[PDB]
Structures are given as C-alpha cells and as structure tokens.
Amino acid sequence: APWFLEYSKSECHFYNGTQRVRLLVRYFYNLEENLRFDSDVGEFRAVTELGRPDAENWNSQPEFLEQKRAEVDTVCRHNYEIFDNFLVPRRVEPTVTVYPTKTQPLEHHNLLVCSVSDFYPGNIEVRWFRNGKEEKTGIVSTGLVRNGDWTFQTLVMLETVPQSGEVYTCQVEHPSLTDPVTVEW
C-alpha cells in the first residue's frame, strides 16, 4: 500500500535552564529526514537531495530566515517560561514494595524484587543492601518504563541465596523525596 507523509519536528533543547537554547527543526518525507534548521548554524541545510530545493528557496528569503532564528526566543525560551511553572517542577512520589520470586527452578528463593512505580520525574536511584553492604553485582533491571501518562515504573532485582539472619534493604532516592526510602526484607 502506497503512503505519503509530510512530517516535521521542532525541537527546543535546553542546557542549564534557558541559559543555552538551541532550536533544531527536522523535516521528513515518509522515512527520510531530508532537511533541517539548526539555530546554531543560522540557516537550512539539506540532509538529502530531496530537501535541496527548500534550503535553496527558503535560505534566499532574509525576512523568513530572521524569523526562524528568532524562534529560539519567540518559541523556545517563551514556552520554557510557561512550562517552568508546572512541568519542570512536577514531582510524584514512588510506591516501593519488595517481594521474592523464583524465576529459575525452585526451592527456597533466588530473586529479590524491588518494585518502584508511579513516580516522576524519571531520574531515580535504586540500591540493594545485604546487612549493610551495597550489592553491586547480581542486579537485573527492567529499565525505566515510561507509562505515557507522566509516570514511570521499574523493577530492580537482586539475585541471591538468602541465609536466615540476613536483612535485605531496597533503598530509593528520588527528587520528590526529602529522605531516601527504604524497605527491608
């Protein structure tokens, strides 16, 4: 089945607040990125032959070029100011629970799971401790799972042969928490 798609993305990149902004517009036709506008360059640049005509045409209109370069402030910085009031500071505390499982054959238990869900933003720390010593190896994770509704979840598992008397602790550090969250097992 033949399909035709005119698709563009206008990416506004921020480094340390709006201290350094960079606008990057990318144009695609079906599966090919054919042209782009890098604010750090100041003008359009063809990515493939199919995008040359537009670079030639648009680059020769000083009035229009001036307008794009200004978008770094008129669009990027402008919008950041608005979003900095509710999106940048959004915080949702995670729900932390621990629980054992098998995974392998059976008898006893070999996997300790630390489930961290329903949190935001995405940067988080999850550590495992065995009677006070941080377990660095034997860790298996599902990675940072984005839910699409502005929340994340993840599982961080420790492979172990539990010896009665041992206390395991899952420690979670996250911007929405004033103090590390711990859960023992």
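Start at 1 and count along the sequence shown; that's the residue number.
Chemist: Tell me which stretch, 17-25 or 169-177, has the higher mean Cα B-factor listed in the entry.
Modeler: Per the PDB entry, the higher value belongs to 17-25.
Chemist: Can you let me know which of the two, 97-105 or 74-82, has the higher average C-alpha B-factor in the entry?
Modeler: In the deposited entry, the stretch with the higher C-alpha B-factor mean is 97-105.
Chemist: Can you tell me which of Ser141, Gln153, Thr137, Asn123 has the maximum CA B-factor listed in the PDB entry?
Modeler: Answer for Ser141, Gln153, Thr137, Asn123: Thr137, with the highest C-alpha B-factor.
Chemist: For the C-alpha B-factor as written in the entry, point me to the maximum among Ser117, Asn30, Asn131, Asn147.
Modeler: Of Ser117, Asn30, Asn131, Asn147, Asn131 has the highest C-alpha B-factor.
Chemist: Split the chain's modelled residues into thirds by Cα B-factor; is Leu87 in the lowest, middle or highest one?
Modeler: As the PDB entry reports it, the C-alpha B-factor of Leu87 lands in the lowest third of its chain.
Chemist: Is the Cα B-factor recorded for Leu50 in the lowest, middle or highest third of its chain?
Modeler: For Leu50, whose C-alpha B-factor we compare with every modelled residue in the chain, the answer is the highest third.
Chemist: Is the Cα B-factor recorded for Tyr7 in the lowest, middle or highest third of its chain?
Modeler: Lowest third.
Chemist: Using only modelled residues of the chain, where does the Cα B factor of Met157 rank: lowest third, middle third or highest third?
Modeler: Its C-alpha B-factor, which the entry lists for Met157, ranks in the lowest third among residues of this chain.
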